[PDB]
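A.B. asks: build me a model:
(chains A, B, C, D, E, F and G)
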Amino acid sequence: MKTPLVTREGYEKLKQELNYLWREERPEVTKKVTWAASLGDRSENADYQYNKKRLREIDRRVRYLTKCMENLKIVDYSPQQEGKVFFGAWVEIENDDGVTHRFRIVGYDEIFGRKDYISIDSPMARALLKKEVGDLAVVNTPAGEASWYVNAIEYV
Amino acid sequence: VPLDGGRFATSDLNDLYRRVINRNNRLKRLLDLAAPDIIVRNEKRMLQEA
Amino acid sequence: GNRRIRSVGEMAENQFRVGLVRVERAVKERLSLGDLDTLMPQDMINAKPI
Amino acid sequence: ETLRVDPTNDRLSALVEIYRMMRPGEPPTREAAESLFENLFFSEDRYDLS
RNA sequence: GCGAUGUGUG
DNA sequence: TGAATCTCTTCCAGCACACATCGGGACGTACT
DNA sequence: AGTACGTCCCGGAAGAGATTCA
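C.D. replies: Numbers count the residues shown, from 1 in each chain, chains lettered A, B, ... in the order given. What follows is the structure:
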């Protein structure tokens, strides 16, 4: 499911992000909410509508961030397990037709396209619990069986 | 009370304690993270009311 | 001359009205985010509250 | 004698006192209370006789 | 195996 | 100055049955 | 396809104003 281990880089990033959220964004949000409450106090105020929606969204995001920061645990393995793409290495797999991926095993929270695109959620990566330099990682993808010959694994 | 079904007609005491516990736990998780004062105030207030 | 009789009719009318005033809130809410025609009213309506 | 007992002497502070009896504690606001009193006897939404 | 509301009995 | 006389607002309203219905929704998903 | 599993939630009476003979 959702592996409670995440990258230490992701942990630091999300911590700084929640700090900035509860420290900067929430203040201006509350200020805009009050300014809308200034003589508006009605169901027609688009400003008040946007403010309340953003308030609910900020609340949800803050709850989720706090939960991920406390309950979960960070994991950033060093290159001691180099070559081993089990953890802590931007590993790459080539294909016979051009499906060449190059990513690192990151949690199901800090999923973006700034460092990699991988996640421990899909079985297409779950079969990769510990990879190597020639692993023929094959799976039944959502629209047919796909495969990739592991072509590179290293950390940074 | 196990009702006849996949539900439970919970006693109010259960739900109350439940609310209190969620509240206390959020408060705990906040203080160690030095979250800002307005938030911690709202927190403590909800707690007292709970 | 000052008492009044309602009936099932009045009851249904009134309460159904309460239902519609419930729904209209979220109706206008989602209308606010209204985009160009890629939707249809059933997208911006929910029977379930009524 | 009623008008004698009146504390206030204008539309502004009148609406003020009204909003103060309605929503206690909260600070006043001119157009806020204006709209409020407008939304108690003078609109389809929150008031109606049949 | 609980509590709410209703109905009826004295 | 201070002892009287209004005025909001918490607390209780019989006992014992019998039977009946009804008891979270909402919001969002990893799948089924 | 559509969801069973996730979280999320009228009389009394006595006190504190508050008002009026000082």
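A.B. asks: tally of neighbours for residue 33?
C.D. replies: Just so you know, I chose chain A. Residues lying near residue A:33 (other Cβ atoms under 10 Å in any protein chain shown) number 17. All C-beta spots, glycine's among them, are computed from the backbone N, C-alpha and C.
A.B. asks: looking at chain B here, not the other one
C.D. replies: 14.
A.B. asks: repeat that for residue C:21.
C.D. replies: Residue C:21, neighbours per other Cβ under 10 Å, totals 11.
A.B. asks: is DNA strand G contacted by stretch C:36-50?
C.D. replies: No: Stretch C:36-50 lies out of reach of DNA strand G by Cβ under 7 Å from any atom of the strand, never closer than 12.3 Å.
A.B. asks: again but with stretch B:2-17, I slipped
C.D. replies: Yes: with Cβ under 7 Å from any atom of the strand as the criterion, DNA strand G is reached by stretch B:2-17 at residue B:6.
A.B. asks: in which helix or strand would I find residue C:6?
C.D. replies: Residue C:6 is part of no helix or strand, with elements assigned from DSSP states H and E.
A.B. asks: count the neighbours of it for me.
C.D. replies: Residues lying near residue C:6 (other Cβ under 10 Å) number 9.
A.B. asks: over to residue A:133?
C.D. replies: For residue A:133, using other Cβ under 10 Å, the count is 15.
A.B. asks: ok, now which ones touch it?
C.D. replies: A:83, A:150, A:151, A:152, A:153 (Cβ atoms under 8 Å, 6 or more residues apart in numbering or on different chains).
A.B. asks: thought the third one was touching residue A:100?
C.D. replies: In other words, residue A:151. Yes: contact criterion Cβ atoms under 8 Å: residue A:151 and residue A:100 qualify, at 7.2 Å.
A.B. asks: list residues touching both of those two?
C.D. replies: A:92, A:93, A:94.
A.B. asks: among those residues, who's most crowded?
C.D. replies: Highest neighbour count within the shared contacts of residue A:151 and residue A:100, by other Cβ under 10 Å: residue A:93, with 22 neighbours.
A.B. asks: surely that one and residue A:101 touch.
C.D. replies: Yes: contact criterion Cβ under 8 Å: residue A:93 and residue A:101 qualify, at 5.4 Å.
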